[PDB]
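Chemist:
There are 2 protein chains.
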Amino acid sequence: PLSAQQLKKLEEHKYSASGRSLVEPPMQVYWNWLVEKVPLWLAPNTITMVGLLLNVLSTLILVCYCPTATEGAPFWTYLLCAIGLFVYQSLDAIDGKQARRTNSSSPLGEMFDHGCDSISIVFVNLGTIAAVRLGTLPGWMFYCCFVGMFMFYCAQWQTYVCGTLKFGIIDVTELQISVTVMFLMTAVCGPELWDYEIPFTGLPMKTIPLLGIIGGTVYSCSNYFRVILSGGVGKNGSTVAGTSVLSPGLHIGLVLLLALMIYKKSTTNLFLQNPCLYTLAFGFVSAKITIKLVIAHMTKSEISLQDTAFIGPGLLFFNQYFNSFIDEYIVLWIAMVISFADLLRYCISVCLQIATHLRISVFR
Amino acid sequence: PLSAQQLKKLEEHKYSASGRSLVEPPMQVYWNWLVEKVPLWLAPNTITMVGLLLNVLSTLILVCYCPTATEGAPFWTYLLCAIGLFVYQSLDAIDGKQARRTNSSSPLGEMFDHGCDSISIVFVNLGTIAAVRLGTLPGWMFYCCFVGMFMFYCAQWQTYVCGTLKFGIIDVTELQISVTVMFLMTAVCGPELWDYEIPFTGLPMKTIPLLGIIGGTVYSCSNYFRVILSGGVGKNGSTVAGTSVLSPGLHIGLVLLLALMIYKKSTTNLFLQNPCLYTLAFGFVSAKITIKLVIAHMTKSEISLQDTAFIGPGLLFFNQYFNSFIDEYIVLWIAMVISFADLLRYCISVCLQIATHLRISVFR
Ligand SMILES: C[N+](C)(C)CCOP(=O)([O-])OP(=O)(O)OC[C@H]1O[C@@H](n2ccc(N)nc2=O)[C@H](O)[C@@H]1O
Ligand SMILES: C[N+](C)(C)CCOP(=O)([O-])OP(=O)(O)OC[C@H]1O[C@@H](n2ccc(N)nc2=O)[C@H](O)[C@@H]1O
Ligand SMILES: [Mg+2]
Ligand SMILES: [Mg+2]
Ligand SMILES: [Mg+2]
Ligand SMILES: [Mg+2]
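So this is what it looks like as C-alpha cells:
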C-alpha cells in the first residue's frame with residue numbers, strides 16, 4: 020500500500036494546528052474536567068472507535084425508520100441520535116486530550132481521527148436531512164448532502180496545500196451543537212414542528228436551517244479557497260509536495276460530476292426514491308478519496324487520479340449508457356457493497372502496515 | 020515531445036530485419052535494375068513522400084466517386100488506383116535501396132517509412148473495399164477494414180517485443196500484387212465482374228477474395244502472437260524496454276472496442292451510410308497510436324495509455340450517452356478533422372525535433 024520511501028517519510032511528523040471558536044473555552048473547560056476523570060490505561064483508538072460506532076448505529080436506525088426522508092420518527096430515534104452525537108463530540112475531545120498526554124501520540128491516531136470524522140460527518144448530514152423531512156423540497160436535496168461532503172474534502176484540500184490546520188469561528192463545534200439542539204427540539208415537540216409555518220412570508224420553518232447552512236458554507240468555502248490561492252509553503256505557491264495546487268480538485272470534480280450525471284439521467288427517479296443508499300455509496304467513495312489525501316499530506320508524496328473506487332459509479336454509468344438491461348435498483352446495492360468492501364480493505368491494510376512498521380499495538 | 024534521455028538513446032540504433040517471400044527474388048532483381056538508373060542526388064524522404072501522396076490522392080478520388088461502397092466507378096479511377104499502388108511499391112523498394120547506399124541512413128527514414136506504410140495500408144484497404152463493392156454484404160464490412168488496421172498494429176507490436184523484423188511468406192508484397200491485379204481486372208472487365216456468380220454453390224464472386232483475406236489474416240496473426248509469447252529478449256520473456264509484454268494490447272483493444280461500441284448503438288445507421296469517413300477517422304487515430312509505438316521501440320522508453328487522440332471517439336461516445344442533441348453527422352466530421360490535425364501536428368513536431376538534434380536537413 021505504502022512504498023518504503025513514503026513509510027520512511029511518515030516518521031518525524033509533527034502535528035500542528037492553530038485556531039479557536041466562540042463556544043470553545045467553556046466546552047474546553049468541560050472537556051478538561053471530564054478527561055480529568057478517565058482511566059489512564061485506556062487507548063484513544065478504542066475511544067474514537069466507540070464514538071464512531073455509536074454515531075453510525077444511531078444514524079443507521081434513524082435512516083432505516085425514514086427512507087426517502089419524508090415520513091416521521093418517534094421519540095426513541097431522535098433521542099438516540101442526539102445522545103449519540105453528543106457522545107461522539109465528547110469522545111473526540113476526550114481522546115484527543117488523552118492522546119496528547121501519556122506520550123501515546125502516533126501518526127496512526129491522526130489517520131483514525133480523520134477517517135472517523137469523514138464517516139461521522141457523512142452520517143450526521145444524512146441524519147439531519149432525515150429529521151427535518153427535507154423531501155417536500157426536492158430541489159434542495161442534492162445540495163445539502165454533497166455540500167457537506169465537498170466542504171469536508173475542501174477542508175482536507177486546504178490542509179494539503181499548507182502545513183497547519185486553521186480553525187474558523189463557524190467550525191464543526193457550532194454545527195454539531197446546532198444539530199444536537201435541533202434533534203432535541205424536534206423530539207420534544209414532534210417531527211411536525213417544521214410544518215408550523217412562520218407567521219409571515221408563506222415560507223415554512225425549514226428555511227431557517229437551510230439558509231444558515233448556505234451562509235455557513237459560503238463563509239467556510241471562502242476561507243479555504245483563499246488559503247489555496249494566496250498561501251504557499253513550498254518553493255513557490257505550489258503544493259508542499261512540490262506538485263500543482265489544484266490536483267485533488269480534479270478528484271472531487273470528477274466525483275461530483277459523475278454523481279450529478281447519474282442523477283440527471285435516471286429515467287426512473289433513482290435518487291428521489293433511494294436517497295439514503297445513493298448518498299451512502301457516494302459517501303463511502305468520497306471517504307476513500309479523502310483518506311487517500313490524509314496519507315498524502317502526512318507524507319510528502321503525490322496522488323493520482325486513478326483509484327479502484329470508481330467501480331460503483333463506473334457500473335452505474337455503463338449501465339446507463341446501455342439503455343436498460345439490468346434494472347436500476349440492484350446495481351445501486353452492488354455498487355454500495357463494492358465501495359464499502361473496498362474502503363474496509365484499504366483501511367485494514369493501511370492500519371496493519373503502519374502497525375507492523377511502528378510496533379504500536381493499534382488497540383493495545 | 021521526446022525527453023533528453025529518449026533522444027540520447029535514439030542514437031546508436033541499428034536497423035535489422037530477416038525474412039524473405041516467394042515472389043521477392045524476381046522483384047528484387049527488378050528493383051535493383053530500376054534503382055541502378057536513379058539520380059544520386061535525390062533524397063529518399065522525397066521519394067517516400069511522393070509515393071504516399073500518389074497513393075493517397077488516387078484512393079481519395081476512388082473513395083469520393085464511391086461513397087457507401089455500393090456504386091460503380093469508371094475506367095479512369097481503377098487505372099489510376101492500380102498505377103498508384105504499383106508506383107508506391109516501386110518507390111518503397113527503390114528508396115530503401117537508395118537509402119542503404121550513399122551512407123544516407125538515419126533514424127528518421129525509418130519513422131517516415133513506418134508512418135507512410137500505416138497511412139498507405141489504411142487507404143489501400145479502403146480502396147479495395149470500394150472497388151469490390153462490399154456493401155451488399157453488410158455483415159462482412161467492419162471486419163476487413165479493422166482487421167487490416169489490427170494486423171498492421173500487431174506487426175508493430177510483434178516488433179516491439181523483439182529486436183528484428185520477421186518477414187512471412189504471405190506478407191505485404193503478395194497482398195499488394197493481388198490488389199493491383201484485382202484493380203486491373205476489375206477495370207478491364209468492369210465493376211460487375213464480382214456479380215458474375217460462380218457456376219455452383221450460389222455464392223457470388225466476392226467470396227473468392229474475402230475467404231483468402233481471412234485465411235491470410237489467420238496465418239499472419241498466428242506468427243505474430245507466437246513471437247509475442249514464446250519469444251523474449253529482455254531479462255526474461257518481458258519487453259525489450261523491461262515493461263510488460265501485453266501493454267499495447269490495451270491500446271488496440273480500447274480503440275477497437277470503442278469503435279464497435281459506437282458502431283452498435285448508432286440508432287441512425289452511422290456506419291452503413293458513412294463508412295469512408297468512419298474508417299478514415301479511426302485510421303488516423305490508429306495511425307497516431309502506431310507511430311507512438313514506432314518511436315517507442317526505436318528508443319527503449321515506455322508507453323502510456325493516455326493520449327490526446329481520443330478526442331474524436333470521446334466526443335462520439337459522450338454525444339451517444341446524452342440521447343441526441345447534436346445530430347450524428349457533423350460530430351463525425353469534427354472528429355475526423357480533429358484527429359487529422361492532431362496527427363499532422365505530432366508528426367511535424369517530432370520531425371522538427373529530430374532534424375534539429377541530428378542536423379540532417381530532412382528533405383535536403
Ligand atoms: C477543535 N476541537 C478540540 C473542539 C475538536 C477537534 O480537535 P481534533 O480532534 O482535531 O484534535 P485532537 O485533540 O483530537 O488531537 C490530538 C492528536 O492526538 C492524535 N490522536 C488522535 C486520535 C487517536 N485515537 N489517537 C491519537 O494519538 C492525533 O495526532 C491528534 O491530532
Ligand atoms: C520487403 N520489401 C523489400 C519488399 C519492402 C519492405 O522493405 P522495407 O521498406 O522495410 O526496407 P527498406 O529497404 O526500405 O529499408 C532501408 C532502410 O532505409 C531507411 N530509410 C527508409 C526510408 C527513407 N526515406 N530513408 C531511410 O533512410 C530505414 O531505416 C530503412 O529501414
Ligand atoms: Mg480528535
Ligand atoms: Mg475526530
Ligand atoms: Mg522502404
Ligand atoms: Mg514503406
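Chains as they are written, first to last, in the entry's author numbering: chain B, 20 to 383; chain A, 20 to 383. Just so it is clear, CB atoms sit at the ideal spot from N, CA and C, and this is done for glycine as well.
Going by Cα to Cα distance, which pick from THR258/B, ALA118/B, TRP60/B, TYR297/B is closest to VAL274/B?
Modeler: Closest by alpha carbon: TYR297/B.
Chemist: Residues in the same chain with beta-carbon distance under 7 Å from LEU299/B, minus the five sequence neighbours each way, listed in chain order, please.
Modeler: Hits under 7 Å: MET355.
Chemist: Return the chain-ordered list of same chain residues with a C-beta closer than 8 Å to the C-beta of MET317/B, the five sequence neighbours on each side being excluded.
Modeler: These residues qualify, in order along the chain: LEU29, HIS32, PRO126, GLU129, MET130.
Chemist: CB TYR34/A to CB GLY70/A, shorter than 8 Å?
Modeler: In this structure, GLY70/A does not lie closer than 8 Å to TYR34/A by Cβ.
Chemist: Mind checking whether the beta-carbon of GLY115/A lies closer than 7 Å to any heavy atom of ligand 5?
Modeler: For ligand 5, at least one heavy atom lies less than 7 Å from the Cβ of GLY115/A.
Chemist: In the DSSP assignment, what are the bridge partners of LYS116/A?
Modeler: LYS116/A pairs with nothing; no bridge assigned.
Chemist: Listed from N- to C-terminal order along the chain, which residues in the region 321 to 344 of chain B have their beta-carbon within a distance smaller than 7 Å of any beta-carbon of chain A?
Modeler: Going along the region 321 to 344 of chain B in chain order, one finds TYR340 with a Cβ nearer than 7 Å to chain A.
Chemist: When burial is assigned at 16 or more other CB atoms within 10 Å of the CB, is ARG383/A buried or exposed?
Modeler: Exposed is the call here.
Chemist: Beta-carbon within less than 7 Å of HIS376/B's beta-carbon, same chain only, minus the 5 sequence neighbours each way: which residues are those?
Modeler: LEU26.
Chemist: Identify whether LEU59/A lies in helix, strand or coil by the three-state DSSP scheme.
Modeler: Looking at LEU59/A - three-state DSSP - the assignment turns out to be coil, as it is neither helix nor strand.
Chemist: Rounded to whole angstroms, what is the Cα-Cα separation between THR121/A and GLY115/A?
Modeler: Each residue's alpha carbon lies about 11 Å from the other.
Chemist: What first and last residue would you give for the alpha helix (DSSP H) that runs through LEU248/B?
Modeler: Per DSSP, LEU248/B belongs to the alpha helix (DSSP H) from 226 to 248.
Chemist: Which residue wins for smallest C-alpha separation from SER40/A, given the options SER124/A, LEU73/A, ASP346/A, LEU194/A?
Modeler: Nearest C-alpha to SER40/A: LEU194/A.
Chemist: Let me check one thing: in DSSP terms, what residues is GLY38/B bridge-paired to?
Modeler: Paired residues: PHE186/B.
Chemist: Are there any heavy atoms of ligand 1 lying less than 7 Å away from the beta-carbon of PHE105/B, as far as the coordinates show?
Modeler: Outside the cutoff, so no.
Chemist: Does the distance from the C-beta atom of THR78/A to that of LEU153/A stay below 8 Å?
Modeler: No, Cβ-Cβ distance for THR78/A and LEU153/A is not below 8 Å.
Chemist: Would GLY167/A be called buried (16 or more neighbouring beta carbons within 10 Å of its own) or exposed?
Modeler: It counts as buried.
Chemist: Once you ignore the five residues that flank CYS85/B on each side, which residues in its own chain have a CB closer than 7 Å to its CB?
Modeler: So the list reads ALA92, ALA149, once near-sequence residues are dropped.
Chemist: Can you give, in chain order, each stretch of the alpha helix (DSSP H) that sits fully within the region 108 to 161 of chain A and has at least 4 residues?
Modeler: The region 108 to 161 of chain A contains these whole alpha helix (DSSP H) runs: 126 to 151.
Chemist: For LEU203/A and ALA101/A, which I take to be in contact (beta-carbon distance under 8 Å), what is that distance rounded to the nearest angstrom?
Modeler: Their Cβ separation, rounded to whole angstroms, is 5 Å, which keeps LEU203/A and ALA101/A in contact under 8 Å.
Chemist: Helix, strand or coil: which one does DSSP assign to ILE102/A?
Modeler: Here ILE102/A sits in helix by DSSP.
Chemist: From which residue to which residue does the alpha helix (DSSP H) around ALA306/A run?
Modeler: Residues 294 to 317.
Chemist: For the region 363 to 371 of chain A and the region 47 to 55 of chain A, state whether three or more C-beta atom pairs, one from each stretch, are separated by less than 8 Å.
Modeler: With a cut-off of 8 Å, the region 47 to 55 of chain A and the region 363 to 371 of chain A do not count as touching, because too few Cβ pairs lie within range.
Chemist: If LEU72/A and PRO157/A are in contact, beta carbons under 8 Å, what's the gap, nearest whole angstrom?
Modeler: No, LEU72/A and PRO157/A are not in contact; Cβ-Cβ is about 32 Å, not under 8 Å.
Chemist: Using 8 Å as the threshold, is the C-beta distance between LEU351/B and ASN288/B below it?
Modeler: It is not a contact, given that the beta carbons lie outside the stated cut-off.
Chemist: Output needed for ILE271/B: all residues of its chain with C-beta closer than 8 Å, excluding positions within five of it in sequence on either side, in chain order.
Modeler: Result list for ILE271/B: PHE169, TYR172, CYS173, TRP176, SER305, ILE308, in chain order.
Chemist: Buried or exposed: where does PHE165/A fall if 16 or more other Cβ atoms within 10 Å of its Cβ makes it buried?
Modeler: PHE165/A should be labelled buried.
Chemist: Check whether the Cβ of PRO63/B sits closer than 7 Å to any heavy atom of ligand 1, and report yes or no.
Modeler: Yes - ligand 1 has a heavy atom lying nearer than 7 Å to the Cβ of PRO63/B.
Chemist: Looking at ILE189/B and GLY235/B, is the spacing between their C-beta atoms short of 8 Å?
Modeler: Yes.
Chemist: When you compare only the Cα positions, how much space is there between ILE140/A and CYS295/B?
Modeler: Approximately 55 Å between the Cα atoms of the pair.
Chemist: Could you check if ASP361/A belongs to the surroundings of ligand 3, using beta carbon to heavy atom distance under 7 Å?
Modeler: The answer is no for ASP361/A.
Chemist: For the putative contact between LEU312/A and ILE322/A, defined by C-beta atoms under 8 Å, what is the C-beta separation to the nearest angstrom?
Modeler: Rounded, the Cβ-Cβ distance is 7 Å, consistent with contact.
Chemist: Check each residue's C-beta against every heavy atom of ligand 4 and list, in chain order, those closer than 5 Å.
Modeler: Those residues, listed in chain order, are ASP111/B, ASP132/B, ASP136/B.
Chemist: Is the beta carbon of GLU43/A sitting closer than 8 Å to the one on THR192/A?
Modeler: Contact flag set, yes.
Chemist: Just to check my reading of the structure: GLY250/B and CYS181/B have Cβ atoms closer than 8 Å, yes? What is that Cβ distance to the nearest angstrom?
Modeler: Confirmed, Cβ separation roughly 6 Å.
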